[PDB]
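Numbered according to the numbering used here, the sequence shown spans residues 635 to 687.
Just so it is clear, CB atoms sit at the ideal spot from N, CA and C, and this is done for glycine as well.
Down below is the structure, laid out as structure tokens.
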Amino acid sequence: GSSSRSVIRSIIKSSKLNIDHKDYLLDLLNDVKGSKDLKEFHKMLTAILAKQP
Numbered sequence: 635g636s637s638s639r640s641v642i643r644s645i646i647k648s649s650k651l652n653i654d655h656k657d658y659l660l661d662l663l664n665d666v667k668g669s670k671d672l673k674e675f676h677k678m679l680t681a682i683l684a685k686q687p
């Protein structure tokens with residue numbers, strides 16, 4: 635997968651993120667606009683799991 639929305643959402647829904655956090659990341663991810671903006675989303679996403687257990 636090369637920066638696929640379907641591939642990303644799958645990681646969030648599967649991730650152990652807060653029910654409210656996931657819903658937010660998935661809600662915004664669906665209405666994501668801009669290649670550069672979409673990339674930044676991943677930068678923070680990984681940061682979440684990076685800290686997770």
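For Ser636, there are no CB contacts under 8 Å within the same chain when 5 residues up- and downstream are skipped. In this structure, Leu662 sits away from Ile646, with a CB-CB distance that is not shorter than 7 Å.
For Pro687, the closest C-alpha among the options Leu651, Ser644, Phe675 and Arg643 is that of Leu651. Taking the Cα of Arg639 as reference, the smallest distance to any Cα among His655, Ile653, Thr680 and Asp665 is reached at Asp665.
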